[PDB]
Amino acid sequence: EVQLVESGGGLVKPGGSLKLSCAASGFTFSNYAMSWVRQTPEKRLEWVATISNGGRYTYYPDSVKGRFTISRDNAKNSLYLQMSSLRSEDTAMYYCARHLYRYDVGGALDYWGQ
Amino acid sequence: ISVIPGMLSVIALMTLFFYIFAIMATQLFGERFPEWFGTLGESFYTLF
């Protein structure tokens, strides 16, 4: 019963914010790490954020550092991502991904969303 | 409490071994697995 769906999105003016979500069901959510991967409409993939299981250690690329905000709550069994002061080159597709091996960060990614 | 001053040497030696194996472990297993062995002030806890 492993499933990953999403919410949020739409149209944001340059100078606004957007706060997404990710619904996770089926596995045990408190024993994996979770990460957002983006897909440009020009057929190219790019990485956004990741976060370990306990929620204390985050990692960020340098190209978007200090601007995005990622968090976890264990009991709610869902994932967040908070944006602020967007730009124009963010017109793309987003996804929500679980890592492969348990307790890990940064290996592969086996089950995405849609 | 009257026994521990004739026993303090072994305690100092075991603390030294914790310091050595902690500084080995926190840079071997530190890229991946960040919550257990990431810093040093939690690698002491995982080795304990």
# chains A, B, ... in the order shown; residues from 1 in each chain; ligands from 1
>>> interface_residues(of="chain A", to="chain B", cutoff="10 Å", atoms="only C-alpha atoms", output="PyMOL selection string")
chain A and resi 52-58+102-107
>>> select_by_dssp(residues="chain A", states="strand (DSSP E)", output="VMD selection string")
chain A and resid 3 to 7 18 to 25 34 to 40 44 to 51 58 to 59 72 to 73 78 to 83 93 to 99 109 to 111
>>> residues_around(residues="residue 60 of chain A", least_positions_apart="5", cutoff="10 Å", atoms="only C-alpha atoms", output="list in words")
residues 47, 48, 49, 50, 51, 65, 66, 67, 68, 69 and 70 of chain A
>>> residues_around(residues="residue 41 of chain A", least_positions_apart="2", cutoff="8 Å", atoms="only C-alpha atoms", output="PDB file with N, CA, C and O atoms, in the first residue's frame")
ATOM      1  N   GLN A  39      11.560  18.552 -11.965  1.00  0.00           N
ATOM      2  CA  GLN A  39      11.678  18.232 -13.384  1.00  0.00           C
ATOM      3  C   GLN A  39      11.347  19.472 -14.198  1.00  0.00           C
ATOM      4  O   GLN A  39      10.196  19.922 -14.205  1.00  0.00           O
ATOM      5  N   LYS A  43      12.961  18.948 -20.331  1.00  0.00           N
ATOM      6  CA  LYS A  43      13.466  17.578 -20.178  1.00  0.00           C
ATOM      7  C   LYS A  43      14.848  17.543 -19.517  1.00  0.00           C
ATOM      8  O   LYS A  43      15.843  17.114 -20.105  1.00  0.00           O
ATOM      9  N   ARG A  44      14.886  17.996 -18.265  1.00  0.00           N
ATOM     10  CA  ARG A  44      16.093  17.928 -17.452  1.00  0.00           C
ATOM     11  C   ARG A  44      15.693  17.909 -15.981  1.00  0.00           C
ATOM     12  O   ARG A  44      14.810  18.662 -15.564  1.00  0.00           O
ATOM     13  N   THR A  91       9.487  27.494 -12.997  1.00  0.00           N
ATOM     14  CA  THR A  91       8.325  27.019 -13.740  1.00  0.00           C
ATOM     15  C   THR A  91       8.598  25.598 -14.197  1.00  0.00           C
ATOM     16  O   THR A  91       9.091  25.379 -15.304  1.00  0.00           O
ATOM     17  N   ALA A  92       8.264  24.624 -13.359  1.00  0.00           N
ATOM     18  CA  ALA A  92       8.645  23.247 -13.628  1.00  0.00           C
ATOM     19  C   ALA A  92       7.723  22.313 -12.854  1.00  0.00           C
ATOM     20  O   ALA A  92       6.714  22.734 -12.279  1.00  0.00           O
ATOM     21  N   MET A  93       8.085  21.033 -12.849  1.00  0.00           N
ATOM     22  CA  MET A  93       7.334  19.974 -12.190  1.00  0.00           C
ATOM     23  C   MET A  93       8.076  19.540 -10.933  1.00  0.00           C
ATOM     24  O   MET A  93       9.307  19.505 -10.920  1.00  0.00           O
TER      25      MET A  93
END
>>> residues_around(residues="residue 9 of chain A", least_positions_apart="2", cutoff="9 Å", atoms="only C-alpha atoms", output="ChimeraX atom specification")
/A:7,11-12,18-20
>>> residues_around(residues="segment 18-24 of chain B", least_positions_apart="4", cutoff="8 Å", atoms="only C-alpha atoms", output="PyMOL selection string")
chain B and resi 14+28+40+43-44+47
>>> write_last_selection(atoms="C-alpha atoms", output="PDB file, in the first residue's frame")
ATOM      1  CA  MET B  14      38.638   3.710  29.059  1.00  0.00           C
ATOM      2  CA  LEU B  28      34.614   6.957   8.652  1.00  0.00           C
ATOM      3  CA  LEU B  40      31.146  13.924  17.643  1.00  0.00           C
ATOM      4  CA  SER B  43      29.076   9.570  18.266  1.00  0.00           C
ATOM      5  CA  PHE B  44      29.962   9.334  21.942  1.00  0.00           C
ATOM      6  CA  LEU B  47      29.399   4.127  21.036  1.00  0.00           C
TER       7      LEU B  47
END
>>> decode(residues="segment 21-47 of chain A", atoms="N, CA and C atoms", output="PDB file, in the first residue's frame")
ATOM      1  N   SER A  21       2.988  20.121   0.003  1.00  0.00           N
ATOM      2  CA  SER A  21       2.809  18.999   0.915  1.00  0.00           C
ATOM      3  C   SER A  21       3.076  17.702   0.163  1.00  0.00           C
ATOM      4  N   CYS A  22       3.165  16.614   0.924  1.00  0.00           N
ATOM      5  CA  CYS A  22       3.386  15.281   0.373  1.00  0.00           C
ATOM      6  C   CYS A  22       2.746  14.283   1.321  1.00  0.00           C
ATOM      7  N   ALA A  23       1.816  13.481   0.815  1.00  0.00           N
ATOM      8  CA  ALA A  23       1.110  12.497   1.623  1.00  0.00           C
ATOM      9  C   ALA A  23       1.745  11.126   1.436  1.00  0.00           C
ATOM     10  N   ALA A  24       2.087  10.480   2.545  1.00  0.00           N
ATOM     11  CA  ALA A  24       2.801   9.214   2.520  1.00  0.00           C
ATOM     12  C   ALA A  24       1.997   8.162   3.259  1.00  0.00           C
ATOM     13  N   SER A  25       1.844   6.995   2.642  1.00  0.00           N
ATOM     14  CA  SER A  25       1.018   5.946   3.212  1.00  0.00           C
ATOM     15  C   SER A  25       1.597   4.591   2.853  1.00  0.00           C
ATOM     16  N   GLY A  26       1.588   3.680   3.822  1.00  0.00           N
ATOM     17  CA  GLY A  26       1.878   2.275   3.599  1.00  0.00           C
ATOM     18  C   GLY A  26       3.085   1.735   4.336  1.00  0.00           C
ATOM     19  N   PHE A  27       4.234   2.389   4.259  1.00  0.00           N
ATOM     20  CA  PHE A  27       5.415   1.923   4.966  1.00  0.00           C
ATOM     21  C   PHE A  27       5.422   2.501   6.374  1.00  0.00           C
ATOM     22  N   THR A  28       6.558   2.366   7.041  1.00  0.00           N
ATOM     23  CA  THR A  28       6.770   3.000   8.334  1.00  0.00           C
ATOM     24  C   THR A  28       7.561   4.277   8.082  1.00  0.00           C
ATOM     25  N   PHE A  29       6.910   5.425   8.246  1.00  0.00           N
ATOM     26  CA  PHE A  29       7.475   6.689   7.792  1.00  0.00           C
ATOM     27  C   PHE A  29       8.612   7.180   8.672  1.00  0.00           C
ATOM     28  N   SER A  30       8.728   6.676   9.890  1.00  0.00           N
ATOM     29  CA  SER A  30       9.767   7.124  10.797  1.00  0.00           C
ATOM     30  C   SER A  30      11.060   6.328  10.652  1.00  0.00           C
ATOM     31  N   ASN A  31      11.282   5.688   9.503  1.00  0.00           N
ATOM     32  CA  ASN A  31      12.521   4.963   9.264  1.00  0.00           C
ATOM     33  C   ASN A  31      13.018   5.140   7.843  1.00  0.00           C
ATOM     34  N   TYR A  32      12.780   6.288   7.228  1.00  0.00           N
ATOM     35  CA  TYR A  32      13.402   6.591   5.952  1.00  0.00           C
ATOM     36  C   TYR A  32      13.707   8.070   5.888  1.00  0.00           C
ATOM     37  N   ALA A  33      14.425   8.451   4.853  1.00  0.00           N
ATOM     38  CA  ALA A  33      14.626   9.851   4.557  1.00  0.00           C
ATOM     39  C   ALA A  33      13.932  10.189   3.255  1.00  0.00           C
ATOM     40  N   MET A  34      13.663  11.470   3.071  1.00  0.00           N
ATOM     41  CA  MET A  34      12.689  11.886   2.088  1.00  0.00           C
ATOM     42  C   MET A  34      13.223  13.140   1.410  1.00  0.00           C
ATOM     43  N   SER A  35      12.906  13.312   0.127  1.00  0.00           N
ATOM     44  CA  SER A  35      13.610  14.304  -0.675  1.00  0.00           C
ATOM     45  C   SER A  35      12.768  14.734  -1.871  1.00  0.00           C
ATOM     46  N   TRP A  36      12.860  16.021  -2.226  1.00  0.00           N
ATOM     47  CA  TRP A  36      12.097  16.624  -3.318  1.00  0.00           C
ATOM     48  C   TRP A  36      12.982  16.775  -4.548  1.00  0.00           C
ATOM     49  N   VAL A  37      12.551  16.221  -5.676  1.00  0.00           N
ATOM     50  CA  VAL A  37      13.288  16.293  -6.934  1.00  0.00           C
ATOM     51  C   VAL A  37      12.410  17.011  -7.948  1.00  0.00           C
ATOM     52  N   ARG A  38      12.991  17.948  -8.705  1.00  0.00           N
ATOM     53  CA  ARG A  38      12.223  18.734  -9.659  1.00  0.00           C
ATOM     54  C   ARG A  38      12.551  18.355 -11.096  1.00  0.00           C
ATOM     55  N   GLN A  39      11.560  18.552 -11.965  1.00  0.00           N
ATOM     56  CA  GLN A  39      11.678  18.232 -13.384  1.00  0.00           C
ATOM     57  C   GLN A  39      11.347  19.472 -14.198  1.00  0.00           C
ATOM     58  N   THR A  40      12.346  19.996 -14.899  1.00  0.00           N
ATOM     59  CA  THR A  40      12.146  21.120 -15.793  1.00  0.00           C
ATOM     60  C   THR A  40      11.316  20.687 -17.003  1.00  0.00           C
ATOM     61  N   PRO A  41      10.534  21.600 -17.597  1.00  0.00           N
ATOM     62  CA  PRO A  41       9.768  21.240 -18.802  1.00  0.00           C
ATOM     63  C   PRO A  41      10.620  21.091 -20.047  1.00  0.00           C
ATOM     64  N   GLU A  42      11.898  21.456 -19.989  1.00  0.00           N
ATOM     65  CA  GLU A  42      12.826  21.271 -21.091  1.00  0.00           C
ATOM     66  C   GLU A  42      13.553  19.933 -21.020  1.00  0.00           C
ATOM     67  N   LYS A  43      12.961  18.948 -20.331  1.00  0.00           N
ATOM     68  CA  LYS A  43      13.466  17.578 -20.178  1.00  0.00           C
ATOM     69  C   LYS A  43      14.848  17.543 -19.517  1.00  0.00           C
ATOM     70  N   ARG A  44      14.886  17.996 -18.265  1.00  0.00           N
ATOM     71  CA  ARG A  44      16.093  17.928 -17.452  1.00  0.00           C
ATOM     72  C   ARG A  44      15.693  17.909 -15.981  1.00  0.00           C
ATOM     73  N   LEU A  45      16.346  17.044 -15.207  1.00  0.00           N
ATOM     74  CA  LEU A  45      16.031  16.822 -13.803  1.00  0.00           C
ATOM     75  C   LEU A  45      16.991  17.592 -12.905  1.00  0.00           C
ATOM     76  N   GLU A  46      16.521  17.933 -11.704  1.00  0.00           N
ATOM     77  CA  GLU A  46      17.324  18.728 -10.787  1.00  0.00           C
ATOM     78  C   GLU A  46      16.847  18.472  -9.359  1.00  0.00           C
ATOM     79  N   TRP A  47      17.782  18.534  -8.417  1.00  0.00           N
ATOM     80  CA  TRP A  47      17.548  18.224  -7.014  1.00  0.00           C
ATOM     81  C   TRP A  47      17.308  19.493  -6.201  1.00  0.00           C
TER      82      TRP A  47
END
